[PDB]
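Working notes for the structure below.
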Amino acid sequence: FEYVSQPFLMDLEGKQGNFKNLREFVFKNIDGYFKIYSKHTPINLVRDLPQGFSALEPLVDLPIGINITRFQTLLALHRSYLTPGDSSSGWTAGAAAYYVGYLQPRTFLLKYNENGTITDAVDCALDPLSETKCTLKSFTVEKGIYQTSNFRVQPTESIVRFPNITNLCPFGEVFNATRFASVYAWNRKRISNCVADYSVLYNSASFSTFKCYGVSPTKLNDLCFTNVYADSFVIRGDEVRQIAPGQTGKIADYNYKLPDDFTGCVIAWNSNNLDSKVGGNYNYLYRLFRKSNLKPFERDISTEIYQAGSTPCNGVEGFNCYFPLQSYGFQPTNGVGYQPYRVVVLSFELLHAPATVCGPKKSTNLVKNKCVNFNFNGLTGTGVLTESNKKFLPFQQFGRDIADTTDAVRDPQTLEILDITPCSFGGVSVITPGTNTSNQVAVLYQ
Amino acid sequence: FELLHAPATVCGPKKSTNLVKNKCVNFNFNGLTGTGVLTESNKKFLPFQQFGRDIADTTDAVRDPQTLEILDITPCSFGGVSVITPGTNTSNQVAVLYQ
Amino acid sequence: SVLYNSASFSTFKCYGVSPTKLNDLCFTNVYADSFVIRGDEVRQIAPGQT
Amino acid sequence: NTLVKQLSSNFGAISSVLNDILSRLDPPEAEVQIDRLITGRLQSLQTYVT
Amino acid sequence: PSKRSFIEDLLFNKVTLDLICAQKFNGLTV
Amino acid sequence: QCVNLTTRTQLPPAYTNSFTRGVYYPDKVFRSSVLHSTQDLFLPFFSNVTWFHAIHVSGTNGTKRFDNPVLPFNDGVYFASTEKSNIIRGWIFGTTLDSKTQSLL
Ligand SMILES: C=CC1=C(C)/C(=C/c2[nH]c(/C=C3N=C(/C=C4\NC(=O)C(C)=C4C=C)C(C)=C\3CCC(=O)O)c(CCC(=O)O)c2C)NC1=O
Ligand SMILES: *[C@@H]1O[C@H](CO)[C@@H](O[C@@H]2O[C@H](CO)[C@@H](O)[C@H](O)[C@H]2NC(C)=O)[C@H](O)[C@H]1NC(C)=O
Ligand SMILES: *[C@@H]1O[C@H](CO)[C@@H](O[C@@H]2O[C@H](CO)[C@@H](O)[C@H](O)[C@H]2NC(C)=O)[C@H](O)[C@H]1NC(C)=O
Ligand SMILES: *[C@@H]1O[C@H](CO)[C@@H](O[C@@H]2O[C@H](CO)[C@@H](O)[C@H](O)[C@H]2NC(C)=O)[C@H](O)[C@H]1NC(C)=O
Ligand SMILES: *[C@@H]1O[C@H](CO)[C@@H](O)[C@H](O)[C@H]1NC(C)=O
Ligand SMILES: *[C@@H]1O[C@H](CO)[C@@H](O)[C@H](O)[C@H]1NC(C)=O
Ligand SMILES: *[C@@H]1O[C@H](CO)[C@@H](O)[C@H](O)[C@H]1NC(C)=O
Ligand SMILES: *[C@@H]1O[C@H](CO)[C@@H](O)[C@H](O)[C@H]1NC(C)=O
Ligand SMILES: *[C@@H]1O[C@H](CO)[C@@H](O)[C@H](O)[C@H]1NC(C)=O
C-alpha cells in the first residue's frame, strides 16, 4: 500500500505569538479497516482545549488489515546558526502541544440539526441527569420522579466444588480391545466412580467420526454425569451415516435404535488392518429381517426362521424361507464403502443421583456470606451461601422452591447443607426539579 | 460478501437505463429497490454521505450513482375506498368515496 | 410392504409420508418416473435442492 | 403466583433452566433454545400485563 | 398508638393481607 | 540515518480535562432534526487526557522538551494538536516497530 497526494508548499516559518490552529483526529482499527476522522478549527489560546462542541467527519478508511497496538508521533525540529552543536545536540524545537485520549465503548444520544450536522450529544453514563435524558430520549426533562435503571451487586469470587475422587477410570478397554461383539448382539458397559478424561480422548488417536448431540464436545469437561454407558459394534461405512436419533435405515439399524431425545454421542473409526483377512473374514454377523420395529435401547438374540410368506417354514429353510441372520463379507480389496468401522456409543443422563463421573477440576476453597459464583456438580449461578437449618434426610441431595429454582444444596465434600440467596438488587429512581430550574438531582434505591 | 458499508464497487453487467422522474415508477439504486416518485431534493448532503433514511428505517433520499445527484423518494398515492348505498331493498345505485 | 425390503435397495427415504405407514393410505393415479444418474446426482434428487 | 409458576415450563426446549442450557451447549445450538424460552416467557408476561 | 377507632380495628382484623420472597427474587417488587 | 537527540530535560507529565470534545459521525446515513441513540467507540466526557508540549524554555539550563514517547493504542485514539508553526507532522503505528512486522506510516 502506498499513496502520494498532489504536491504543495506549506509555510515553514516559525510563527510567534499564540497558537491559532487546532487539529483533532480519531483513529480506529476495526475489522482490518484503519478509519481516520479529522477536524480543523481556528482558535486562540495558550493551553488546554476550547470548550466549544465540534463534530468530526470521516476522511479515509484505509483497508490494510494488520495489528496496531503502539504508536508514536513525529515532530519537526529547527536548525540554524542559533543552535550550535552536532546533530544530536545542535537543534531546537518550536512551541507545540498535543493531547492523547483513549476511547471505550459508550452509548451516546446525538442531536442532528436541520442540515444534519451533529450540534449536541449526551453521554448516558456520566451522571443521573444524562442517564435520565437517555431513558426519556430528550435533552430536557420536566419535574418529577423517574424510573431510570436497575442495579445488582457484582460477584466477588468463584468457587468450584467436586467430589473427592482421584482414580481415573480406563476408557481403554472399550476402545483398544482385541475383539468386540456383533451388531445384533451389541455389548454394553457401565462406567462409574471416575474422573473423566474426555480431553485427551478427543484427538489422541486421530478419530474419523466424532460428533455429539445434546452436549458440546468442547464443553464435555465441565459437566458431571452418573453411570456413563458405552456401546460397541463394527458395521459398514454407509450405515454409520444413519447412526443418529430420528433416522431410519436397514434392519441392522433397527436392531440398535436410538431414542428421540438422546444425550451423548457416537465415536467411529476406521478398521482395515485388523478386520481384513486375506482369505476373508466372516465371524461378524448381522440381522436382515424382523417382524416389526424395535423400541429404543433394546437388544435381540432371538434366532428363528423368518416367516413373512404365507407358508409355515417350521425350520425347513426351503423356498420363501430365509434365515434372518447374514454374515458380512469383508476382504482387504473392496470398495470405499466396504471397509468396516468400529463404533462406540456414549450415553449421558442428568439430575438423577449424586454425581460419580466427571472431569478433573481442582476443587477450590469454600467461601460463604458473600454472594459469588459457584459450581455444585454442574449447578451454577450466583448468590450468598450460608448455613441452613432445614433438615435433609440422608438420601436427599438438594431442595428447590416454587419457582423451580435451587435454594438449598449439599456440599459434595463434607456433606454440609448450604442456602442460596442471590445478591440484593432493585430499581433506581431520580428526583429532579426539572432541567429548566437547576441541574441537581436526588437518587432513591427502592 | 458484505453489504451497506460504502459506495458500491463490484457488481454485474446491468445496462443502466435513462432516468425518469416526477412519475412513480420502479427503481434500482445499487441494489436498493422499490417504487415511488423521484424528484429534486433540497436537503444538503455532505460529500461523504450516500443516502438518507427516516424514523421508519426506510430510505427517503438517495444519490444518483452516475451524476452524483440527490433525489427524493415518495411512494404512490394510496387510500381506502368507501361505498355509500341506500340498501339493496330500495335501489341498486351506489356512490364511491376515496379518502 | 414387499417392495420396501425385497431387493435390498440402496437409497430409500420418503418426503411428507412415512414409509412404514405407506400401507395405511389411499391414493389416486400413482405416478412413476425412470432414469439413470451417477452417484453425485443422487444426493440432490430432493425438493428445494439445486 | 401463576406468573411465577410460568417460569417452570419447557415451552418446547430441552430444559427450562437457562443456566443449564448455557452450560452444556455451544452458542449456535443454544440460540434457538434460548429463543423458544424467550418467546414463551414474553407471552406469559404479556398476558399478565393485559 | 395507632389512632383508629374500635370499629376500624375490627375491620382491620378481618382482612388477611416464603411466598413473598420467591416472587421478590424474580424481579417482582411491591 | 538514525540519530539519537540529546540535551533533553526531565519533566513530569501534566494532565488536562477533556471537556466535551471527541464526537464523530458514526454512520454515513443522512438524518435531519431527529435524535439518535447509538453505541460505539466514543471518548468519555470529562476525562483526564494525557498532555505533552515540546518547548525550549529560555534561561540557563531551561526546560528543553522533545516529547515523542511510545504510547499504547488500545481500542482507538483521540489525538489533538494545537499548532502555530507546524511542528507535529505525522504518526507511526505498529507492534514491534521494526522490520519484523508491518508498520503504518
Ligand atoms: C499532522 C499535522 C498536520 C499539519 C502540519 C497540517 C497542516 C495543514 N493542513 C491543512 C489542510 C488540511 N489538511 C488535511 C488533512 C491532513 N493533513 C495532514 O497533514 C494529514 C496527515 C492529513 C490527513 C489525515 C485536510 C483534510 C485539510 C483541509 C481541511 C479543510 O479545509 O476542511 C493546511 C492548509 C489549511 C490551513 O491552514 O488550515 C495546513 C497548513 N495538518 C495536519 O494535520
Ligand atoms: C540510539 O539509542 C538506542 C538505545 O540506547 C541504541 O540502540 C542500542 O544499540 C546498541 C548498539 O547497537 C545495542 O547493543 C542495544 O541493544 C540497542 N538498544 C535497543 C533498545 O535496541 C541505538 O543504537 C542508538 N542509535 C545511535 C547511537 O545512532
Ligand atoms: C488521570 O489519571 C492520572 C493518572 O492516574 C491521575 O493522576 C494521579 O493523581 C493521583 C492523585 O493526585 C496521584 O496519587 C497519582 O500519582 C497520579 N498519577 C500519576 C501517574 O502520577 C489524574 O488525577 C487523573 N485525572 C483526574 C482528573 O483525576
Ligand atoms: C497481533 O499479533 C500478535 C501475533 O503476532 C497477536 O497479539 C499478541 O498476542 C500475544 C498473546 O496472545 C501477546 O503476548 C502479544 O503481546 C500480542 N501482540 C502485541 C503486539 O501486543 C494477535 O494475533 C494480533 N492481534 C489481533 C487483534 O489479532
Ligand atoms: C443550514 O443550511 C442552510 C441552507 O440550506 C443555511 O442557510 C444555514 O446557515 C445552515 N445552518 C443552519 C444552522 O441552519
Ligand atoms: C475427600 O477430602 C475431604 C477433604 O480433604 C475429606 O473430608 C473427605 O473425607 C475425603 N473423602 C471423600 C470420599 O470425600
Ligand atoms: C490401548 O492400549 C495401548 C497400549 O498401551 C494404548 O497405546 C492405547 O492408547 C490404548 N487405547 C485407549 C487408551 O483407548
Ligand atoms: C421554562 O422553559 C421555558 C421554555 O423552555 C421558558 O420560557 C421558561 O422561562 C422556563 N421557566 C423559567 C422559570 O425560567
Ligand atoms: C323493504 O323490504 C320490506 C320487506 O321485504 C318491504 O316491505 C319494503 O317495502 C321494502 N322497502 C321498500 C322501500 O320497498
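Going through the C-alpha cells in order, the chains are called A, B, and so on, while each chain numbers its residues from 1 and the ligands are numbered from 1 in the order shown.
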**Item:** Nearby residues, ligand 1, 8 Å, only C-alpha atoms and all ligand atoms, as a ChimeraX atom specification
**Value:** /A:10-11,21,23-25,36-42,59-60 /F:81,86-91
Okay, now the selection with C-alpha atoms, as a short mmCIF file (atom, residue, chain, number, x, y, z; two decimals), in the first residue's frame?
```cif
data_model
loop_
_atom_site.label_atom_id
_atom_site.label_comp_id
_atom_site.auth_asym_id
_atom_site.auth_seq_id
_atom_site.Cartn_x
_atom_site.Cartn_y
_atom_site.Cartn_z
CA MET A 10 3.48 24.68 3.16
CA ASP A 11 4.74 27.66 5.15
CA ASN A 21 -4.70 26.09 14.76
CA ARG A 23 -6.41 19.74 14.67
CA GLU A 24 -8.41 16.82 16.05
CA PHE A 25 -8.08 13.23 14.82
CA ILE A 36 -9.48 8.24 10.25
CA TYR A 37 -11.74 11.14 11.23
CA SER A 38 -10.36 14.68 11.15
CA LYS A 39 -11.41 18.20 12.07
CA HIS A 40 -9.63 21.56 11.78
CA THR A 41 -10.52 24.79 13.57
CA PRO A 42 -9.01 28.26 14.12
CA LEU A 59 -11.76 11.35 5.92
CA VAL A 60 -10.29 7.96 4.89
CA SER F 81 -2.80 19.08 18.35
CA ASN F 86 3.52 23.32 12.05
CA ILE F 87 5.68 21.11 14.27
CA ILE F 88 3.78 17.82 14.63
CA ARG F 89 3.78 16.17 11.21
CA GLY F 90 2.81 12.50 11.22
CA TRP F 91 2.29 9.25 13.06
#
```
**Prompt:** DSSP on the backbone: what in chain D comes out alpha helix (DSSP H), as number ranges by chain?
**Reply:** D: 2-5, 18-23, 27-49
Given the selection you just returned, output its residues as a file containing N, CA, C and O atoms, formatted as a short mmCIF file (atom, residue, chain, number, x, y, z; two decimals), in the first residue's frame.
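Once written, again_28.cif looks like this:
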```cif
data_model
loop_
_atom_site.label_atom_id
_atom_site.label_comp_id
_atom_site.auth_asym_id
_atom_site.auth_seq_id
_atom_site.Cartn_x
_atom_site.Cartn_y
_atom_site.Cartn_z
N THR D 2 -49.40 -17.48 39.56
CA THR D 2 -49.36 -18.08 38.23
C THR D 2 -48.20 -17.55 37.40
O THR D 2 -47.54 -18.32 36.69
N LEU D 3 -47.92 -16.25 37.48
CA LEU D 3 -46.80 -15.69 36.73
C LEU D 3 -45.48 -16.31 37.16
O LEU D 3 -44.63 -16.61 36.32
N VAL D 4 -45.29 -16.50 38.47
CA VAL D 4 -44.06 -17.13 38.94
C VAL D 4 -44.01 -18.60 38.54
O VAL D 4 -42.94 -19.12 38.21
N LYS D 5 -45.16 -19.29 38.57
CA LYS D 5 -45.18 -20.69 38.17
C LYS D 5 -44.85 -20.88 36.70
O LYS D 5 -44.34 -21.93 36.30
N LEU D 18 -32.24 -21.71 32.19
CA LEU D 18 -31.40 -21.05 31.19
C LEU D 18 -29.92 -21.30 31.44
O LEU D 18 -29.15 -21.49 30.49
N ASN D 19 -29.50 -21.32 32.71
CA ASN D 19 -28.11 -21.63 33.02
C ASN D 19 -27.75 -23.05 32.60
O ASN D 19 -26.62 -23.29 32.15
N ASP D 20 -28.69 -23.99 32.72
CA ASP D 20 -28.44 -25.35 32.27
C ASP D 20 -28.21 -25.39 30.76
O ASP D 20 -27.29 -26.07 30.29
N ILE D 21 -29.02 -24.66 29.99
CA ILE D 21 -28.84 -24.63 28.54
C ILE D 21 -27.51 -23.99 28.18
O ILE D 21 -26.78 -24.49 27.31
N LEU D 22 -27.16 -22.89 28.84
CA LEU D 22 -25.89 -22.23 28.55
C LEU D 22 -24.69 -23.08 28.94
O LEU D 22 -23.62 -22.96 28.34
N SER D 23 -24.85 -23.95 29.95
CA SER D 23 -23.71 -24.68 30.47
C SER D 23 -23.25 -25.78 29.51
O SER D 23 -22.05 -26.06 29.41
N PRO D 27 -22.99 -21.83 21.39
CA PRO D 27 -23.91 -20.74 21.01
C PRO D 27 -24.78 -21.08 19.82
O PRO D 27 -25.99 -20.80 19.85
N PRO D 28 -24.24 -21.67 18.72
CA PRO D 28 -25.10 -21.91 17.54
C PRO D 28 -26.29 -22.81 17.82
O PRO D 28 -27.35 -22.62 17.22
N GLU D 29 -26.14 -23.80 18.70
CA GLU D 29 -27.28 -24.64 19.05
C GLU D 29 -28.03 -24.11 20.27
O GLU D 29 -29.16 -24.53 20.53
N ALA D 30 -27.42 -23.19 21.02
CA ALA D 30 -28.10 -22.64 22.19
C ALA D 30 -29.05 -21.51 21.83
O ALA D 30 -30.01 -21.25 22.57
N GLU D 31 -28.79 -20.82 20.71
CA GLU D 31 -29.60 -19.65 20.36
C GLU D 31 -31.06 -20.02 20.12
O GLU D 31 -31.95 -19.29 20.56
N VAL D 32 -31.32 -21.12 19.43
CA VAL D 32 -32.70 -21.49 19.13
C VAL D 32 -33.46 -21.86 20.40
O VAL D 32 -34.62 -21.47 20.60
N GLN D 33 -32.81 -22.61 21.30
CA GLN D 33 -33.44 -22.98 22.56
C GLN D 33 -33.75 -21.73 23.39
O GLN D 33 -34.84 -21.59 23.95
N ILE D 34 -32.79 -20.81 23.44
CA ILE D 34 -32.98 -19.57 24.19
C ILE D 34 -34.11 -18.75 23.59
O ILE D 34 -34.90 -18.13 24.30
N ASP D 35 -34.21 -18.74 22.25
CA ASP D 35 -35.29 -18.01 21.60
C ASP D 35 -36.65 -18.60 21.95
O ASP D 35 -37.61 -17.85 22.18
N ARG D 36 -36.75 -19.93 21.98
CA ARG D 36 -38.01 -20.55 22.40
C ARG D 36 -38.38 -20.15 23.82
O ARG D 36 -39.53 -19.77 24.09
N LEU D 37 -37.40 -20.19 24.73
CA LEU D 37 -37.68 -19.78 26.11
C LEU D 37 -38.11 -18.32 26.18
O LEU D 37 -39.05 -17.97 26.91
N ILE D 38 -37.45 -17.46 25.41
CA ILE D 38 -37.75 -16.03 25.43
C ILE D 38 -39.17 -15.77 24.94
O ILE D 38 -39.91 -14.99 25.55
N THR D 39 -39.57 -16.40 23.84
CA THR D 39 -40.91 -16.13 23.34
C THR D 39 -41.98 -16.67 24.29
O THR D 39 -43.00 -16.01 24.51
N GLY D 40 -41.74 -17.84 24.90
CA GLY D 40 -42.69 -18.33 25.89
C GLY D 40 -42.86 -17.39 27.06
O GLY D 40 -43.98 -17.05 27.45
N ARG D 41 -41.74 -16.92 27.63
CA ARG D 41 -41.83 -16.03 28.78
C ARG D 41 -42.40 -14.66 28.40
O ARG D 41 -43.10 -14.04 29.20
N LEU D 42 -42.13 -14.20 27.18
CA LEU D 42 -42.71 -12.94 26.71
C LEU D 42 -44.23 -13.03 26.64
O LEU D 42 -44.93 -12.10 27.07
N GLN D 43 -44.75 -14.13 26.10
CA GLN D 43 -46.20 -14.31 26.10
C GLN D 43 -46.76 -14.39 27.52
O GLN D 43 -47.80 -13.79 27.83
N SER D 44 -46.06 -15.12 28.39
CA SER D 44 -46.51 -15.25 29.78
C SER D 44 -46.55 -13.90 30.49
O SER D 44 -47.36 -13.71 31.40
N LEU D 45 -45.68 -12.97 30.10
CA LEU D 45 -45.68 -11.65 30.72
C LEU D 45 -46.76 -10.75 30.11
O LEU D 45 -47.41 -9.98 30.84
N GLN D 46 -46.95 -10.83 28.79
CA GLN D 46 -47.97 -10.00 28.15
C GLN D 46 -49.36 -10.33 28.65
O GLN D 46 -50.20 -9.44 28.83
N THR D 47 -49.64 -11.62 28.89
CA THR D 47 -50.96 -11.99 29.40
C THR D 47 -51.23 -11.33 30.76
O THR D 47 -52.32 -10.79 30.99
N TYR D 48 -50.24 -11.37 31.65
CA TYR D 48 -50.39 -10.74 32.97
C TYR D 48 -50.60 -9.24 32.85
O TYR D 48 -51.44 -8.66 33.55
N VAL D 49 -49.84 -8.59 31.97
CA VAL D 49 -50.00 -7.15 31.80
C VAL D 49 -51.41 -6.81 31.33
O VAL D 49 -52.04 -5.88 31.84
#
```
**Request:** Could you find all residues in stretch 39-78 of chain B that DSSP calls strand (DSSP E) from the backbone, and write them as a PyMOL selection string?
**Result:** chain B and resi 39-40+51-53+59-63+70-74
Using N, CA, C and O atoms, can you export the residues from the last selection as a PDB file, in the first residue's frame?
```
ATOM      1  N   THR B  39     -37.777  12.969  -7.304  1.00  0.00           N
ATOM      2  CA  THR B  39     -37.823  14.402  -7.549  1.00  0.00           C
ATOM      3  C   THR B  39     -36.574  15.042  -6.965  1.00  0.00           C
ATOM      4  O   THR B  39     -35.843  14.428  -6.184  1.00  0.00           O
ATOM      5  N   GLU B  40     -36.332  16.290  -7.358  1.00  0.00           N
ATOM      6  CA  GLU B  40     -35.190  17.028  -6.845  1.00  0.00           C
ATOM      7  C   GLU B  40     -35.342  17.274  -5.347  1.00  0.00           C
ATOM      8  O   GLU B  40     -36.449  17.397  -4.815  1.00  0.00           O
ATOM      9  N   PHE B  51     -26.931   8.286   1.337  1.00  0.00           N
ATOM     10  CA  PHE B  51     -28.380   8.406   1.258  1.00  0.00           C
ATOM     11  C   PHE B  51     -28.938   8.719   2.640  1.00  0.00           C
ATOM     12  O   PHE B  51     -28.220   8.712   3.641  1.00  0.00           O
ATOM     13  N   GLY B  52     -30.238   8.996   2.681  1.00  0.00           N
ATOM     14  CA  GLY B  52     -30.909   9.372   3.910  1.00  0.00           C
ATOM     15  C   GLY B  52     -32.094   8.475   4.207  1.00  0.00           C
ATOM     16  O   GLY B  52     -32.818   8.050   3.304  1.00  0.00           O
ATOM     17  N   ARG B  53     -32.294   8.196   5.493  1.00  0.00           N
ATOM     18  CA  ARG B  53     -33.407   7.380   5.952  1.00  0.00           C
ATOM     19  C   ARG B  53     -34.197   8.151   7.005  1.00  0.00           C
ATOM     20  O   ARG B  53     -33.835   9.265   7.397  1.00  0.00           O
ATOM     21  N   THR B  59     -35.574   4.180   3.301  1.00  0.00           N
ATOM     22  CA  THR B  59     -34.846   5.213   2.572  1.00  0.00           C
ATOM     23  C   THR B  59     -35.815   6.248   2.016  1.00  0.00           C
ATOM     24  O   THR B  59     -36.856   5.891   1.452  1.00  0.00           O
ATOM     25  N   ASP B  60     -35.479   7.532   2.176  1.00  0.00           N
ATOM     26  CA  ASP B  60     -36.265   8.608   1.593  1.00  0.00           C
ATOM     27  C   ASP B  60     -35.472   9.514   0.666  1.00  0.00           C
ATOM     28  O   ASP B  60     -36.079  10.190  -0.171  1.00  0.00           O
ATOM     29  N   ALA B  61     -34.148   9.541   0.776  1.00  0.00           N
ATOM     30  CA  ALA B  61     -33.310  10.289  -0.147  1.00  0.00           C
ATOM     31  C   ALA B  61     -32.186   9.380  -0.612  1.00  0.00           C
ATOM     32  O   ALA B  61     -31.762   8.479   0.113  1.00  0.00           O
ATOM     33  N   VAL B  62     -31.714   9.616  -1.835  1.00  0.00           N
ATOM     34  CA  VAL B  62     -30.699   8.760  -2.440  1.00  0.00           C
ATOM     35  C   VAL B  62     -29.827   9.633  -3.329  1.00  0.00           C
ATOM     36  O   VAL B  62     -30.208  10.744  -3.696  1.00  0.00           O
ATOM     37  N   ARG B  63     -28.638   9.140  -3.660  1.00  0.00           N
ATOM     38  CA  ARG B  63     -27.714   9.835  -4.544  1.00  0.00           C
ATOM     39  C   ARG B  63     -27.579   9.055  -5.843  1.00  0.00           C
ATOM     40  O   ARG B  63     -27.344   7.842  -5.822  1.00  0.00           O
ATOM     41  N   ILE B  70     -28.858  14.285  -5.826  1.00  0.00           N
ATOM     42  CA  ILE B  70     -29.724  13.891  -4.722  1.00  0.00           C
ATOM     43  C   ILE B  70     -31.169  13.858  -5.199  1.00  0.00           C
ATOM     44  O   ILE B  70     -31.639  14.769  -5.891  1.00  0.00           O
ATOM     45  N   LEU B  71     -31.873  12.785  -4.845  1.00  0.00           N
ATOM     46  CA  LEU B  71     -33.250  12.569  -5.257  1.00  0.00           C
ATOM     47  C   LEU B  71     -34.079  12.107  -4.068  1.00  0.00           C
ATOM     48  O   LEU B  71     -33.621  11.314  -3.241  1.00  0.00           O
ATOM     49  N   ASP B  72     -35.306  12.613  -3.994  1.00  0.00           N
ATOM     50  CA  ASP B  72     -36.272  12.171  -3.003  1.00  0.00           C
ATOM     51  C   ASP B  72     -37.060  10.979  -3.531  1.00  0.00           C
ATOM     52  O   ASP B  72     -37.143  10.742  -4.738  1.00  0.00           O
ATOM     53  N   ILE B  73     -37.642  10.222  -2.606  1.00  0.00           N
ATOM     54  CA  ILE B  73     -38.450   9.054  -2.935  1.00  0.00           C
ATOM     55  C   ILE B  73     -39.775   9.170  -2.199  1.00  0.00           C
ATOM     56  O   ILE B  73     -39.796   9.309  -0.972  1.00  0.00           O
ATOM     57  N   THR B  74     -40.880   9.117  -2.946  1.00  0.00           N
ATOM     58  CA  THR B  74     -42.209   9.212  -2.326  1.00  0.00           C
ATOM     59  C   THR B  74     -43.152   8.170  -2.920  1.00  0.00           C
ATOM     60  O   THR B  74     -43.466   8.241  -4.115  1.00  0.00           O
TER      61      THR B  74
END
```
**Request:** For chain F, list the residues within 12 Å of chain B, counting only C-alpha atoms, and write the list as a VMD selection string.
**Result:** chain F and resid 25 to 36
Got time to write the residues from that selection, N, CA and C atoms, as a PDB file, in the first residue's frame?
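Result saved to part_18.pdb:
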```
ATOM      1  N   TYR F  25     -19.224  11.371  13.422  1.00  0.00           N
ATOM      2  CA  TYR F  25     -20.364  10.740  12.766  1.00  0.00           C
ATOM      3  C   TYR F  25     -20.185   9.228  12.771  1.00  0.00           C
ATOM      4  N   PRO F  26     -21.103   8.462  13.366  1.00  0.00           N
ATOM      5  CA  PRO F  26     -20.920   7.008  13.434  1.00  0.00           C
ATOM      6  C   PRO F  26     -21.342   6.266  12.178  1.00  0.00           C
ATOM      7  N   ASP F  27     -22.081   6.904  11.274  1.00  0.00           N
ATOM      8  CA  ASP F  27     -22.554   6.234  10.072  1.00  0.00           C
ATOM      9  C   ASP F  27     -22.731   7.265   8.968  1.00  0.00           C
ATOM     10  N   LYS F  28     -22.785   6.774   7.730  1.00  0.00           N
ATOM     11  CA  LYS F  28     -22.887   7.619   6.547  1.00  0.00           C
ATOM     12  C   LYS F  28     -24.324   7.766   6.059  1.00  0.00           C
ATOM     13  N   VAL F  29     -25.287   7.781   6.975  1.00  0.00           N
ATOM     14  CA  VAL F  29     -26.701   7.899   6.639  1.00  0.00           C
ATOM     15  C   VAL F  29     -27.185   9.270   7.095  1.00  0.00           C
ATOM     16  N   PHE F  30     -27.789  10.019   6.178  1.00  0.00           N
ATOM     17  CA  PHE F  30     -28.252  11.363   6.491  1.00  0.00           C
ATOM     18  C   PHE F  30     -29.492  11.323   7.375  1.00  0.00           C
ATOM     19  N   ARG F  31     -29.543  12.234   8.345  1.00  0.00           N
ATOM     20  CA  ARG F  31     -30.682  12.358   9.246  1.00  0.00           C
ATOM     21  C   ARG F  31     -30.867  13.831   9.568  1.00  0.00           C
ATOM     22  N   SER F  32     -32.116  14.262   9.727  1.00  0.00           N
ATOM     23  CA  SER F  32     -32.436  15.674   9.893  1.00  0.00           C
ATOM     24  C   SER F  32     -33.409  15.861  11.049  1.00  0.00           C
ATOM     25  N   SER F  33     -33.052  16.751  11.978  1.00  0.00           N
ATOM     26  CA  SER F  33     -33.948  17.210  13.042  1.00  0.00           C
ATOM     27  C   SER F  33     -34.514  16.050  13.857  1.00  0.00           C
ATOM     28  N   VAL F  34     -33.669  15.061  14.142  1.00  0.00           N
ATOM     29  CA  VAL F  34     -34.049  13.910  14.946  1.00  0.00           C
ATOM     30  C   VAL F  34     -32.956  13.647  15.973  1.00  0.00           C
ATOM     31  N   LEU F  35     -33.295  12.837  16.969  1.00  0.00           N
ATOM     32  CA  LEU F  35     -32.353  12.392  17.987  1.00  0.00           C
ATOM     33  C   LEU F  35     -32.103  10.904  17.805  1.00  0.00           C
ATOM     34  N   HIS F  36     -30.832  10.510  17.815  1.00  0.00           N
ATOM     35  CA  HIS F  36     -30.453   9.127  17.566  1.00  0.00           C
ATOM     36  C   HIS F  36     -29.616   8.609  18.724  1.00  0.00           C
TER      37      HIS F  36
END
```
**Request:** Please give me, as number ranges by chain, the residues lying within 9 Å of ligand 8 when counting only C-alpha atoms and all ligand atoms.
**Result:** A: 140, 142, 434-437
Could those residues be written to a file, using N, CA, C and O atoms, as a short mmCIF file (atom, residue, chain, number, x, y, z; two decimals), in the first residue's frame?
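Below you can see out_18.cif, which holds the result:
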```cif
data_model
loop_
_atom_site.label_atom_id
_atom_site.label_comp_id
_atom_site.auth_asym_id
_atom_site.auth_seq_id
_atom_site.Cartn_x
_atom_site.Cartn_y
_atom_site.Cartn_z
N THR A 140 -34.18 17.79 27.53
CA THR A 140 -34.73 18.49 28.67
C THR A 140 -35.78 17.62 29.33
O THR A 140 -36.54 16.92 28.66
N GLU A 142 -38.79 17.56 32.52
CA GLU A 142 -39.61 18.33 33.45
C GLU A 142 -39.41 17.76 34.85
O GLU A 142 -38.59 16.86 35.08
N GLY A 434 -36.50 19.51 37.47
CA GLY A 434 -36.56 19.95 36.09
C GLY A 434 -35.28 20.62 35.65
O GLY A 434 -34.65 21.39 36.39
N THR A 435 -34.87 20.33 34.41
CA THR A 435 -33.68 20.97 33.85
C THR A 435 -33.86 22.47 33.71
O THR A 435 -32.87 23.21 33.66
N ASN A 436 -35.11 22.94 33.67
CA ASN A 436 -35.37 24.36 33.46
C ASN A 436 -34.82 25.20 34.61
O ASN A 436 -34.29 26.29 34.41
N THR A 437 -34.94 24.69 35.84
CA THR A 437 -34.56 25.44 37.03
C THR A 437 -33.14 25.15 37.49
O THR A 437 -32.36 26.08 37.71
#
```
**Message:** How would you report the residues lying within 9 Å of ligand 6, as a PyMOL selection string, if you count only C-alpha atoms and all ligand atoms?
**Reply:** chain A and resi 163-165+412-415
